[PDB]
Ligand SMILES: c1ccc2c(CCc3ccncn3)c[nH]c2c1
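Only one chain comes next, encoded as structure tokens, the form deposited without this ligand.
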């Protein structure tokens, strides 16, 4: 007698478990138990992952319903799970999306200067350096302060909520509520701060006093600040970190990108595709009875869309484990999801990674791990897979 298969399989973000391919072949939708004890359907083929993400009857919003089977505990108010819907309903969709493009004047140069300044300080200090805590995450944090229009010096305390805010927990987390409420108060103060005129918060500040948005709540405006900061910083910092591992472990690739940096966009797209940053399947709740492969998913059941399931599917991406800069379908991966909830920061994230890698390869062309790869400490019960420290030398 064995128990029902448990998810997630491994918190290690540097390699995919052999088990994923075996499951995809045998049972590309199959029943699993989450950390809460809930049952769920784990979907692991490209075809079935795409089907679920593209069918809105597999609802994100309804995952927050009281009494639903849960992947993990809410770390935000239940109405905040439908944040993008709330944004759209408030007529704020176009403005939010415009404010988080990497195309804003000066932004890319700010990114490059910031990356270069972080790297110079590591160089000055001498190897070993921690590329997560002292490069990737600070770069992510600086980027999102600039994108939000908020002071850089406020970034670190906001950042420090995230090790808790993005926990994947069986039970509610008291600290998450403390940090949430505090971070909300900060963003509400920002909207009242006349010095804040640029970026997302500057724009929301103005829209908040525009008559065309008079009956949009202050709660929604502050929520947008907290959610976009947290999602952006955690996602870009975590992605860049694990992409750096994948690069460092492929010196031939590292050298080619150092040699031909115009291939970096193609490289970052592949690093996105193979990225194991998302620790859990994307949760959705069936709002109807829906056939998914050989399984009739019943209304009220939880479905988990395993991103690496899709992204390493050899039917869609032949030789899935190899980075190939000339695939015919390079952006057709699901690293930024798909459908209604496709990542609004995908371009900004792509650019954070491109610029951080560009700068790292220039300043540290000899970059290598300073510890054997198995020594990396992978964060557990978290919504991302990340090494606690990423020690490198150069």
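Positions refer to the first chain, counted from 1.
The same protein also exists as the form solved in complex with this ligand; that form is not shown, yet it is the one meant from here on.
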Among 180, 213, 186, 312, which has any heavy atom within 4.5 Å of this ligand in the bound PDB entry? 180
If the cut-off is 4.5 angstroms on heavy atoms, which of these, 304, 276, 226, 139, is the one near this ligand in the bound PDB entry? 226
Could you confirm whether residue 60 comes within 4.5 Å of this ligand in the bound PDB entry, counting heavy atoms only? yes
Could you confirm whether residue 166 comes within 4.5 Å of this ligand in the bound PDB entry, counting heavy atoms only? yes
Quick one: does residue 198 come within 4.5 Å of this ligand in the bound PDB entry, counting heavy atoms only? no
Contact test in the bound PDB entry: residue 75 vs this ligand, heavy atoms, 4.5 Å: yes
Out of 287-295, 79-87, 213-221, 108-116, where are the residues with a heavy atom within 4.5 Å of this ligand in the bound PDB entry? 79-87
Counting only non-hydrogen atoms and a 4.5 Å cut-off, give the residues of 357-385 close to this ligand in the bound PDB entry. 383
